[PDB]
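Written out below as structure tokens is the structure these notes cover.
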Amino acid sequence: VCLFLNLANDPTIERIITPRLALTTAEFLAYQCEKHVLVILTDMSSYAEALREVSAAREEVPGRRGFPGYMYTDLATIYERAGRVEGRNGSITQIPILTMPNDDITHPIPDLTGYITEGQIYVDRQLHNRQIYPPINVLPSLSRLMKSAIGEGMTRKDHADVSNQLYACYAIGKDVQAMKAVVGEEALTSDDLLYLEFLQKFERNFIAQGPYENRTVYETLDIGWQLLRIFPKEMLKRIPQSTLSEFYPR
Amino acid sequence: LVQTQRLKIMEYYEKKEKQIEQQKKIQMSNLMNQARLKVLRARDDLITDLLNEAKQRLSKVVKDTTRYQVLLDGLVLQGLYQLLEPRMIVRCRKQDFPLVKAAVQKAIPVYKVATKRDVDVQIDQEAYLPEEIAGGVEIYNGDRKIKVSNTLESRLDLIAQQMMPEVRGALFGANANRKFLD
Amino acid sequence: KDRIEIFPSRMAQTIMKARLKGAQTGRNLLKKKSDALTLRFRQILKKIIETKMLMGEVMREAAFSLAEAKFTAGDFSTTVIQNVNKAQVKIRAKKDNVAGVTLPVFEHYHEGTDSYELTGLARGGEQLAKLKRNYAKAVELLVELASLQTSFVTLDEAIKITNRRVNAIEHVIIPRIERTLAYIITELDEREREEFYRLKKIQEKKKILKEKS
Amino acid sequence: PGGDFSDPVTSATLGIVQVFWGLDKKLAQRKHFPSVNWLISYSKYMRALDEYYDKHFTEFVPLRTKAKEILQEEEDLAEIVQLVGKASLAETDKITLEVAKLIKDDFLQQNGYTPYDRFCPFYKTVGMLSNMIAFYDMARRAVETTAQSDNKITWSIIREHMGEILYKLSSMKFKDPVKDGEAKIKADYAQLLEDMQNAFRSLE
């Protein structure tokens, strides 16, 4: 790791050349030394509060919500420094991090980040209060290039069919999770108990990790399968039958 | 239940054993970290002493005069072209007044054929550059508000910092992983 | 009726985004509480017609015993209408809820009196008890039908109120909170625009002050 | 300007500070005093204090992990407890509404001019939570192992039977930390634990 630490009490112009020092280092290390670089930019909503401060101290007139009018092509000069290149063996993958004020999504710092970048991760608050680490919500989160990062010869053959099966059973359980409070436990059948018993083990074994437990991706499927054995093979609709024969019985 | 009262004590002593083994890797990481820093400082000391040898070999030319008068023709006319003021003022050392003066006099016609300007450039006989410097001049404007540091110590500092990729590429070898340059 | 009275500001945008969000969580309860009550409402209809077809059976097999007292004892109807003081079956009410609304359900009870233990002591009383068993397990059925049609009309009135309360949020309350949201994002675009020009106009007046010097 | 995180002063303080002792105006007319919210209030000095708590107090972090959770499971119940109303409910949830109520009137409840609640020493502060979490886990372990076997119980057979246990667990906040001795308060909380370990063994 090559760490660029820009403090809060340091000048607000030095926060604007910080992600550009970090991405020129990443473009030396990847496109001239053929490394695979992961570029984590922490609190990109604090970049745009230092860009708004540098812009108004340049005697410019603000735009929408007080942010500069060139804010779309200012984040784009940061975010679009990514991707693989033709003829070289390196790449740059970016993970920005945002802080949504008042959990707003129409704020122009998450609005333009979701306008250039591909998906989101959605660290959730209702999981942090329930003491789950890492508190990552699954239902709204999305990776728009996830269907190309998986598969045979990239991760493993069932990574497509496992993930969308755990996504369906996480959604159907969270309807049963609210429905159980409305009607009670004596009114739920042996169908809506398989989804509430899975839901007590998806949040405490798949989502719950602990800060020092590096689950490799071959071990996040065996975790993901021994939750899919709470259901029989007559219930798993999102998995095709050819890989159900190869991975369910163990 | 005799099985159970082992494990509630075993969990109090698997937890302590996962702890010191983490404490073992902190000590090994804090020493490998200062390993790269102590060897990066022993690469910085070899550089900052290579410039000390280039600061002493620079002062073996200011003892010379046939090789320094032809150098001070460069440093003065490099300053009179940067300012381009109608009245400039040159500072120098105490004993280096004729080598600066004979460089000034050869420069004002060579100035005028190159710039189509006229100048009244004269050497300051009141305030000197301090004798602890290694040579060169300083050229001021008329009221001493814009100055050009063309000393030799401020020229070695400018030259070497823009040659730090090239001296690294020649001293310590090439980068073993750098495939391209663009 | 078309806007909730508030004036456009930054704080009043988050309060009408929270009240809209604080209404969509209320409707999400009431959208499924009605269907959870409709989940029990189909099962009572999946019980009432099935119980009605057992009613057609028990009032035949016990009605095939109505001759088995009348082919034997002739007519004894003057006994049962002139000799009766205290009945045997009693009814006690019991509440048994589902999903926040209660349902009063009828329960069987066993009193310990009978004004018919000496009936048939002259000719025969064994054929009466053959009918008497056949009519008592009709009331051991018809206490369940009479309890099934009384939990129908409690879930028939509690569903027809909740719906008028999901629709009173979908068509009255939540559109009024949305239209005042679409007026705060409009009128504050206007207050940024009038302060776009005013911060620009003071800049040219600083340029008029600097070309003078 | 009325309790928001929309103004540029409140939202640009929470991006800088580490502790937020978040107070609200709705939770003030309960005469609770403080107006603690414990949903938007945080502290990011839990990782720095994992060495002080584990060395000097060595027990508190798992009780603090549980006590923040019991007050959270009450919230996602309380919207249905208002609308539906305690009718067809599980009996493990009735623990985390009555034990959770015992926290919200005897642990997070204060009154600042009184001779017992102007100072709260920390060994008495962990001494009160050492009993309240133990009563929660013993109510949970009772209701889950006696859920299928024979003579399944609810909560409403315990709180009538153990009404005198819930008086000693409610008279911890009224013991004076100022007149009483330093070790006069831990032994009372260590004698009460054997009136909480033996008391459950009077029902089973």
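Within each chain, counting starts at residue 1; across the structure tokens, chains are named A, B, ... in the order shown, with ligands numbered 1 upward in that order.
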
Tell me, as a PyMOL selection string, which residues lie within 7 Å of residue 111 (chain C), counting only C-alpha atoms; anything in the same chain fewer than 6 positions away does not count. chain C and resi 88-90

Within 7 Å of region 139-151 of chain D, counting only C-alpha atoms, which residues show up once you throw out same-chain ones fewer than 2 positions away? Write them as a PyMOL selection string, please. chain D and resi 92+95+135-137+153

Exercise: region 44-46 of chain B partners within 12 Å, only C-alpha atoms, chain neighbours under 5 positions left out, as a PyMOL selection string: chain B and resi 37-39+51-53+164+167-168+171-172

Saved selection, atoms kept: C-alpha atoms, as a short mmCIF file (atom, residue, chain, number, x, y, z; two decimals), in the first residue's frame:
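Listing of again_18.cif after writing:
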```
data_model
loop_
_atom_site.label_atom_id
_atom_site.label_comp_id
_atom_site.auth_asym_id
_atom_site.auth_seq_id
_atom_site.Cartn_x
_atom_site.Cartn_y
_atom_site.Cartn_z
CA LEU B 37 13.02 2.90 5.87
CA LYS B 38 16.56 2.33 7.17
CA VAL B 39 17.56 1.09 3.72
CA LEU B 51 25.88 16.50 -4.14
CA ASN B 52 28.44 17.42 -1.49
CA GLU B 53 31.12 16.15 -3.85
CA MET B 164 17.25 12.95 -10.32
CA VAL B 167 21.25 9.87 -11.85
CA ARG B 168 19.01 7.20 -10.32
CA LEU B 171 23.69 4.80 -10.24
CA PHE B 172 21.30 2.14 -8.95
#
```

Would you list the contacts of region 80-86 of chain D as a list in words, taking every protein, DNA or RNA residue within 9 Å and counting only C-alpha atoms, but skipping same-chain residues closer than 4 positions in sequence?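 My reading of the contact set: residues 181, 182 and 183 of chain A; 29, 99, 100 and 101 of chain C; 76 and 94 of chain D.
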
Long-range neighbours of residue 116 (chain C) as a ChimeraX atom specification, 12 Å cut-off, only C-alpha atoms, 6 positions minimum in chain: /C:79-88,125,128-129,132

Based on the selection just made, write C-alpha atoms of those residues as a compact mmCIF listing (two decimals), in the first residue's frame.
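Output contents, as saved in selection-v2.txt:
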```txt
# COMPACT_ATOMS: atom_id res chain seq x y z
CA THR C 79 -93.65 -34.71 25.79
CA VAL C 80 -90.82 -32.50 24.54
CA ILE C 81 -92.90 -29.30 24.38
CA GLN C 82 -94.80 -29.78 27.65
CA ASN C 83 -91.93 -31.37 29.67
CA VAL C 84 -88.92 -29.04 29.41
CA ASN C 85 -87.44 -26.76 32.06
CA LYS C 86 -83.65 -26.55 31.68
CA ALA C 87 -81.67 -27.41 28.55
CA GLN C 88 -78.28 -29.12 28.48
CA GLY C 125 -86.06 -45.51 25.69
CA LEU C 128 -84.68 -42.31 21.69
CA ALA C 129 -81.04 -42.30 22.81
CA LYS C 132 -80.49 -38.28 21.00
```
